[PDB]
Structures are given as structure tokens and as C-alpha cells.
Amino acid sequence: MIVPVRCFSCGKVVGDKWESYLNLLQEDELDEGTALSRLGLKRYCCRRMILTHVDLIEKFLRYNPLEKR
Amino acid sequence: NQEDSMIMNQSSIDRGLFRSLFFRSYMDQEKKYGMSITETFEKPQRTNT
Amino acid sequence: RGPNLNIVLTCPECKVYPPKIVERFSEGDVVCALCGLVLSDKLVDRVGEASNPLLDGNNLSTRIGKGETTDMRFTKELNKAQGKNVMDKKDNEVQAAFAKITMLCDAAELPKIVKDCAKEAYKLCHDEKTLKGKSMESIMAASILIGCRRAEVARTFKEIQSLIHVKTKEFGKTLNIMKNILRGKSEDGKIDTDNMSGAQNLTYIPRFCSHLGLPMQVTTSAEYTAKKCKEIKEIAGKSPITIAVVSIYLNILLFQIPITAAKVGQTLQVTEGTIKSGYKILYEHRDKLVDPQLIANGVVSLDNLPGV
Amino acid sequence: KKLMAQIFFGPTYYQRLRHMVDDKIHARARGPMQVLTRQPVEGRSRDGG
Amino acid sequence: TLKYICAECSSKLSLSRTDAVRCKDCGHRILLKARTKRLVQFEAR
Amino acid sequence: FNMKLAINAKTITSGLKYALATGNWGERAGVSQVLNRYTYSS
Ligand SMILES: [Zn+2]
Ligand SMILES: [Zn+2]
Ligand SMILES: [Zn+2]
């Protein structure tokens, strides 16, 4: 639903690169392969972690909160 | 992994691989057995129940 | 007046009476909680049919119908023979009454609890010397009224009269008789609460407002006005229907909804003159008939209510 | 040490199915019996045999 | 009394065993029991 | 004559509800089933 903290296979931290990945795609007009390598993700285990992630939390945040303070 | 079994990485499992949420819902009603007998949602005590 | 035939589980060793007993259902055991001795083992936890022994008592019956292979001749004659049973004739009268009560309650869009209470009221009040010169329509209409009141969804006499054709006098006498019967069997054999009282006007307002299509805010204001309307002696003696209708009308003009009294009285079957006549009484005490919060916020001001 | 053979190695899309063992494992030493036949009841959820 | 929350207007209510199950503000007939205020412990594994 | 009793709305309401709650198309079986919601493709 949200970006995983670590790569499943090797455990490298990838949860601090989602916004950097999106910004590279949007403003720098980079292809996803170049963006993945620019972020330092070399092993294809780490590349698929960020490349295949679906950000569902953005969909869940469209519903109004159940309990507002 | 012989005969259609597989080996999974415990480290990958620890990091969240193929982990899922399970939800179960329980339903209950306050039935009225006619005009006299009726139920209520209560915390029963061992001395009256 | 009969053989005991009662089994009581107690620990022979502990001898403490009454005993602490635990039912290990998962293990199928009844064990003494103090010593652990097992007192009974192999305890038990479509092949049958269900029935309610409160509306039908003890009456087991089976229907006759077609199968995968059947000749119409046998079915017709077997039904013909089964109908001519003298003992089952008595209870069929009650069942027929239940069928018509169900039809009336279903054509009225009433909840299942209402019809169950109505049928139970009929059974308890039926077969008695008091209700023998009264028409069955009065019995059914009175039972439905009782059933609705027991369910906290009470209706009015006119609303029930819309379906069951019984004039007021017979309706009232039957209702008084049945209430006495239920009270009589409540003492010797509960029945009523604050709801059983006739007025209970607050229950009518939500449905009356719905017929007019008002928003829920107006309905709540109408309930508050009707609740406080009982402090005025000049209106407190009026019928609960008028008390609720005039309160609703007062709020209709308070929030400035464009619905005239000509239609409010036409929808709730109340004379327009009565509505306006009562509205005049509910104008000298307006400060006590409007919720303090609503006026405090600014949603409603008392100068929007015309004054004669 | 190197494996004498070389391994076919890469990503593949796998799915977690609905069948989990913790929802199937069940044993019974003794337990409730049916009212009619007085034999063990049916169903893991009811401590059956 | 115990505290509930409306499922549409998110208004916090306080109902007793006698009060009807309904929002006194908007009129919704579904209420959510408020989360318990005692701390709950979770392992980070 | 009371038109409110001549026409029983319960007839239409129950027949459609019963036939849709169960699969029993009458008054054929398995015509209505509880929709799978295990996953979107399901
Ligand atoms: Zn990796
Ligand atoms: Zn003992
Ligand atoms: Zn609300």
C-alpha cells in the first residue's frame, strides 16, 4: 500500500527514495531505468522494489477520516 | 522443494514479503421473541447469568 | 404433583454442595473445578422442523404436496380427506386469523415484530367470554394497534382504520376489553410501559414530517416543540394528533418552508381550521416552544412566525 | 563454494493463495458428539472428528 | 454512558442503554464505537 | 372496496427478493450467487 522500507531480497533501504524517484520521473523527464540507476539501485532485486510498487495509500487517503479530532 | 514444494527466504519474510491482513466480521442481533421475551447486549455476571 | 426425574451433578469426593462445575465443551466433559474429577462424559452439542410455541402452542402438522412423480388424483383426494378433521378445525380458526393479520400487517409495511405481537395479542385475548359479541375486524384492528404500541412504532386510530373497516365505537370498546384481558393475565399469568399511554405524541412526529418531506432538522425542532407543548393547559387537552400537527406546522413556518396549511391538513387528514386555531394558542408561548440552541445560533428567529 | 551447475535465476510474479495451514490443522482426542448418532461431530470449527 | 461516533458526519456522541441508536445531529442510524483509550502493545516484527 | 387491500405490494416485493436472495427462480437453481470479492480479478 505504501513503499516498503527495505528490499525484500537484500534489505537495502528503499523507503527513502520513493519521492526522489517520482520527482526524477516528473520534473527531470527521465526514463524509469535511468532514474533507478541515478538513485543508486543497481541490483535488479532493488530495482523491482521501486519499479513495481503500487501506491495505494494515495487512493485510501481520498476517503474522509472515520474519526476526526 | 521436492514434489511441488518450495523454499522461502526467512529474511524476505521478515521484511514483509507476501505478508497480508486478515479481517473477520461477527454479526449479532437483539431478537424479540414476541411480546414478552427479549434480549439485550450486556456484560453478564456469573451471579445472575 | 409428579415424579421428580431430576439429575443434579455434584462431586462425590469434594462433597461441597452446590459444586463448582466447568463444562469443557471442546473436550466433551463436565469436570469439578476444585478437584478435576470428571462427572459426565460424551456430552452432546435437515432432520427436523422449527416452530414457535408462543403463537401456535403444541400443534404438529404436515402438508401434502406433489413429488418428483405423483398423480393429481391422489393429491386432490388426500387433501379432501385431510380437510375433514374435526380436532384441527378449532385451531384453524386461529391460524386463519393469523393469516389475515399477516396480510393486514404486510399491506401496512410494518416490521415483523409488530405482527408477532399482534398475533400473540390475538391468541391471548381470543377464546374468552368478553369478546364474543364483537366483530373479528375490531379484534384484529385492536390487536394490531396493541402490537404497534408494544414495538415502540405505535400508529394512530385513523391510520389503522384506513385498512381495517371498523368504526370508532367498536374499535375503542374492543381495545379497552383486550387491554383489560392482557392486564388480567399479566397478574394471574410484562404488558405495558410508558408507551402504552395513548398520547405518546412524540412517536407520530417523525412519520408525519416524512409525509411532508421536511428535513431532519425541522423534525427535531417539531419534537422539541411538541414535547414542551404539554406545559400549556389550553392545548394539553387536545388530541395528540393535533398537538403533533400544530407543532410541525409551527416549525414549517419557522424555517420558512413553502408548504401551506391547506396541504398540511390535507396530507395528515386534519382540518385546516383546527391547525390554524391551535397555532394561535401556540403563539403566546413561542419563547418556550423553540429550542434555545437553534435561536442562539441564528438558524431561526421568532420574527419569521406571523402574528395575528 | 561454487555450485558445479549454474542456476536459472530471475524475477517471477507469484501469488499468495487462500489456503493457509493454520486454518486447516486440527486434532481431536475427545469432544462433543451428535445428538442423534452420538458420534463425533463434523467440522474443524466445532472441534469435530 | 459510552461514546460513539457517527459514520457520516463524524460527530462524537454519548449514548446510554435507553437512548436510541441514531445521530442526534444529522440523523444517521450507524454509529462507530470509539477506539479504546488504553495503550496497546505491538511487536515490530 | 379498499384499493389498499385489493393490491398487495408484498407479492412483488417478496417474489423478487426471495428469487434473488436464493437462486430459486420460481414463485432453476443457482441463478444468484454471492459475488466473489477475494480479489479484483475474481
Ligand atoms: Zn535488493
Ligand atoms: Zn471435586
Ligand atoms: Zn451524524
# chains A, B, ... in the order shown; residues from 1 in each chain; ligands from 1

$ residues_around --residues "residue 33 (chain D)" --least-positions-apart "3" --cutoff "9 Å" --atoms "only C-alpha atoms" --output "ChimeraX atom specification"
/C:28,42-45 /D:36-42,48

$ write_last_selection --atoms "C-alpha atoms" --output "mmCIF file, in the first residue's frame"
data_model
loop_
_atom_site.group_PDB
_atom_site.id
_atom_site.type_symbol
_atom_site.label_atom_id
_atom_site.label_comp_id
_atom_site.auth_asym_id
_atom_site.auth_seq_id
_atom_site.Cartn_x
_atom_site.Cartn_y
_atom_site.Cartn_z
ATOM 1 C CA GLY C 28 -16.905 -33.023 25.931
ATOM 2 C CA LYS C 42 -19.770 -37.837 25.997
ATOM 3 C CA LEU C 43 -21.977 -34.771 26.356
ATOM 4 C CA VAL C 44 -23.826 -33.812 23.178
ATOM 5 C CA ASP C 45 -23.657 -30.449 21.427
ATOM 6 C CA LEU D 36 -28.815 -38.416 17.058
ATOM 7 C CA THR D 37 -25.999 -40.899 16.379
ATOM 8 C CA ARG D 38 -23.814 -39.929 19.379
ATOM 9 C CA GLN D 39 -20.696 -39.962 17.189
ATOM 10 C CA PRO D 40 -18.045 -37.224 16.865
ATOM 11 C CA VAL D 41 -19.429 -34.047 15.314
ATOM 12 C CA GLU D 42 -18.465 -32.756 11.871
ATOM 13 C CA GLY D 48 -15.168 -32.291 15.206
#

$ residues_near_ligand --ligand "ligand 1" --cutoff "12 Å" --atoms "only C-alpha atoms and all ligand atoms" --output "ChimeraX atom specification"
/A:4-15,40-50 /B:11-12,15

$ residues_near_ligand --ligand "ligand 3" --cutoff "8 Å" --atoms "only C-alpha atoms and all ligand atoms" --output "ChimeraX atom specification"
/E:5-11,22-28

$ write_last_selection --atoms "C-alpha atoms" --output "PDB file, in the first residue's frame"
ATOM      1  CA  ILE E   5     -19.070   8.298  16.504  1.00  0.00           C
ATOM      2  CA  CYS E   6     -21.416   8.954  13.600  1.00  0.00           C
ATOM      3  CA  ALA E   7     -20.460   7.145  10.397  1.00  0.00           C
ATOM      4  CA  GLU E   8     -21.277  10.082   8.087  1.00  0.00           C
ATOM      5  CA  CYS E   9     -20.813  13.376   9.974  1.00  0.00           C
ATOM      6  CA  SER E  10     -18.087  12.133  12.363  1.00  0.00           C
ATOM      7  CA  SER E  11     -19.876  13.599  15.393  1.00  0.00           C
ATOM      8  CA  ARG E  22     -29.032   7.365  15.974  1.00  0.00           C
ATOM      9  CA  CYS E  23     -27.057  10.557  15.457  1.00  0.00           C
ATOM     10  CA  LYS E  24     -28.756  13.465  17.221  1.00  0.00           C
ATOM     11  CA  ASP E  25     -27.152  15.922  14.770  1.00  0.00           C
ATOM     12  CA  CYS E  26     -27.679  14.577  11.245  1.00  0.00           C
ATOM     13  CA  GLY E  27     -29.874  11.534  11.902  1.00  0.00           C
ATOM     14  CA  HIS E  28     -27.672   8.687  10.674  1.00  0.00           C
TER      15      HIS E  28
END

$ residues_near_ligand --ligand "ligand 2" --cutoff "10 Å" --atoms "only C-alpha atoms and all ligand atoms" --output "PyMOL selection string"
chain C and resi 10-16+19-21+31-39

$ closest_residue --among "E:1, E:38, E:19, E:33" --to "chain A" --atoms "only C-alpha atoms"
E:33

$ residues_around --residues "residue 267 (chain C)" --least-positions-apart "3" --cutoff "12 Å" --atoms "only C-alpha atoms" --output "ChimeraX atom specification"
/C:207-213,245,259-264,270-272

$ interface_residues --of "chain C" --to "chain F" --cutoff "10 Å" --atoms "only C-alpha atoms" --output "VMD selection string"
chain C and resid 103 to 104 106 to 109 162 to 165

$ write_last_selection --atoms "N, CA, C and O atoms" --output "mmCIF file, in the first residue's frame"
data_model
loop_
_atom_site.group_PDB
_atom_site.id
_atom_site.type_symbol
_atom_site.label_atom_id
_atom_site.label_comp_id
_atom_site.auth_asym_id
_atom_site.auth_seq_id
_atom_site.Cartn_x
_atom_site.Cartn_y
_atom_site.Cartn_z
ATOM 1 N N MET C 103 -51.610 -10.512 6.502
ATOM 2 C CA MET C 103 -51.922 -9.759 5.292
ATOM 3 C C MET C 103 -52.094 -8.277 5.597
ATOM 4 O O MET C 103 -51.577 -7.421 4.870
ATOM 5 N N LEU C 104 -52.821 -7.953 6.667
ATOM 6 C CA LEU C 104 -53.011 -6.554 7.036
ATOM 7 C C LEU C 104 -51.690 -5.908 7.432
ATOM 8 O O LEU C 104 -51.385 -4.785 7.013
ATOM 9 N N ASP C 106 -48.726 -6.785 6.498
ATOM 10 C CA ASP C 106 -47.841 -6.704 5.342
ATOM 11 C C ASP C 106 -48.258 -5.601 4.378
ATOM 12 O O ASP C 106 -47.398 -4.920 3.810
ATOM 13 N N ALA C 107 -49.564 -5.408 4.182
ATOM 14 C CA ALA C 107 -50.040 -4.299 3.367
ATOM 15 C C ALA C 107 -49.791 -2.948 4.022
ATOM 16 O O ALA C 107 -49.898 -1.921 3.345
ATOM 17 N N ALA C 108 -49.467 -2.927 5.314
ATOM 18 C CA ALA C 108 -49.184 -1.699 6.039
ATOM 19 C C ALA C 108 -47.699 -1.375 6.107
ATOM 20 O O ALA C 108 -47.333 -0.338 6.669
ATOM 21 N N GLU C 109 -46.836 -2.228 5.556
ATOM 22 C CA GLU C 109 -45.390 -2.024 5.614
ATOM 23 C C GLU C 109 -44.916 -1.926 7.063
ATOM 24 O O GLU C 109 -44.192 -1.005 7.446
ATOM 25 N N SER C 162 -57.680 3.046 8.147
ATOM 26 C CA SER C 162 -57.540 3.147 6.699
ATOM 27 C C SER C 162 -57.550 1.775 6.038
ATOM 28 O O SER C 162 -57.957 1.652 4.878
ATOM 29 N N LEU C 163 -57.105 0.740 6.750
ATOM 30 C CA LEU C 163 -57.064 -0.618 6.219
ATOM 31 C C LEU C 163 -58.250 -1.449 6.695
ATOM 32 O O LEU C 163 -59.006 -1.985 5.880
ATOM 33 N N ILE C 164 -58.428 -1.563 8.007
ATOM 34 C CA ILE C 164 -59.500 -2.367 8.583
ATOM 35 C C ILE C 164 -60.725 -1.479 8.754
ATOM 36 O O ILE C 164 -60.684 -0.483 9.484
ATOM 37 N N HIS C 165 -61.814 -1.840 8.083
ATOM 38 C CA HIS C 165 -63.033 -1.034 8.091
ATOM 39 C C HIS C 165 -63.816 -1.313 9.367
ATOM 40 O O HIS C 165 -64.690 -2.181 9.399
#

$ closest_atom_pairs --of "chain B" --to "chain D" --cutoff "10 Å" --atoms "only C-alpha atoms" --output "Markdown table"
| residue | atom | partner | partner_atom | distance |
| --- | --- | --- | --- | --- |
| B:18 | CA | D:16 | CA | 6.6 |
| B:19 | CA | D:16 | CA | 8.8 |
| B:20 | CA | D:16 | CA | 9.0 |

$ interface_residues --of "chain E" --to "chain B" --cutoff "12 Å" --atoms "only C-alpha atoms" --output "list in words"
residues 17, 18, 44 and 45 of chain E

$ residues_around --residues "residue 32 (chain B)" --least-positions-apart "5" --cutoff "10 Å" --atoms "only C-alpha atoms" --output "ChimeraX atom specification"
/B:37-40 /C:112-113,116-117,151

$ select_by_dssp --residues "chain B" --states "helix (DSSP H, G or I)" --output "PyMOL selection string"
chain B and resi 10-15

$ write_last_selection --atoms "C-alpha atoms" --output "mmCIF file, in the first residue's frame"
data_model
loop_
_atom_site.group_PDB
_atom_site.id
_atom_site.type_symbol
_atom_site.label_atom_id
_atom_site.label_comp_id
_atom_site.auth_asym_id
_atom_site.auth_seq_id
_atom_site.Cartn_x
_atom_site.Cartn_y
_atom_site.Cartn_z
ATOM 1 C CA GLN B 10 13.019 -16.178 6.031
ATOM 2 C CA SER B 11 14.834 -12.845 5.713
ATOM 3 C CA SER B 12 12.460 -11.826 2.917
ATOM 4 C CA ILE B 13 9.505 -12.886 5.074
ATOM 5 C CA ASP B 14 10.896 -10.839 7.963
ATOM 6 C CA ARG B 15 10.986 -7.777 5.700
#
